[PDB]
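Undergrad:
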Ligand code: HEC
């Protein structure tokens, strides 16, 4: 519901030191461990260019937004339970705030 911020600087590296392991910034990346985002902030859940999300996640589709994504970060699968989970726990708002700060800057 409410969006919090802090510093994109660290948030930019947070993605590189965490999401990079599974997600790739390049659009249509190899999708090794999981599908690659980059630009999905303005798309519905389940829409990808290289690898489509899991049929379960694809069954459920929701428009993405900085506010909507904030809730998803709390749980790799909140409104989209069909989506798989595997993140340590970005429950800390400090990481989630700076994280999206960089993603929003790019989508900006
Ligand atoms: C591998 C162990 C992962 C790491 C580490 C991160 N994510 Fe992930 N993420 C992973 C999977 C398995 C999936 C979906 C599987 C499928 O194919 O459906 C996801 C999905 C997301 C999404 C959902 C958005 C959407 O496309 O609908 C987001 C926004 C997301 N992941 C963000 C994200 C960030 C911020 C990470 C770094 C902090 C991160 N993921 C790491 C697997 C893995």
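Numbering (our numbering), first residue to last: 26 to 133.
Using N, Cα and C, we set each Cβ at its ideal position, and we do this for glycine too.
Grouping DSSP H, G and I as helix and E and B as strand, with all else coil, what is residue 39?
TA: Residue 39 sits at position 14 when you count from the first residue of the chain shown. Three-state DSSP puts residue 39 in a helix.
Undergrad: By DSSP, does residue 62 sit in helix, in strand, or in coil?
TA: Start at 1 with the first residue of the chain shown, and residue 62 comes out as number 37. The answer is coil: DSSP assigns residue 62 none of H, G, I, E or B.
Undergrad: If you follow the alpha helix (DSSP H) that residue 122 is part of, which residue opens it and which one closes it?
TA: What you label residue 122 is simply residue 97 of the chain shown in a count that begins at 1. Where residue 122 is concerned, the enclosing alpha helix (DSSP H) stretches over 118 to 132.
Undergrad: Using a threshold of 7 Å, is the CB atom of residue 93 nearer than that to any non-hydrogen atom of the ligand HEC?
TA: If you number the chain shown from 1, residue 93 lands on position 68. Not so, every heavy atom of the ligand HEC lies at least 7 Å from the Cβ.
Undergrad: Quick one: Cα of residue 35 to Cα of residue 99, how far?
TA: Walking along the chain shown from the start, residue 35 turns up at place 10. Walking along the chain shown from the start, residue 99 turns up at place 74. Roughly 18 Å separates the two Cα atoms.
Undergrad: So, with DSSP's three-state summary, where would you put residue 98?
TA: As a working mapping, residue 98 is identified with position 73 in the chain shown. Residue state, collapsed to three classes: helix.
Undergrad: Which word fits residue 70, buried or exposed, when buried means at least 16 other C-beta atoms lie within 10 angstroms of its C-beta?
TA: Taking the chain shown and counting its residues from 1, the one referred to as residue 70 is at position 45. Residue 70 is buried by the Cβ-count criterion.
Undergrad: Please confirm whether residue 31 and residue 123 have their CB atoms less than 8 Å apart.
TA: Translated into positions along the chain shown, residue 31 becomes position 6. Translated into positions along the chain shown, residue 123 becomes position 98. A distance below 8 Å separates the beta carbons of residue 31 and residue 123.
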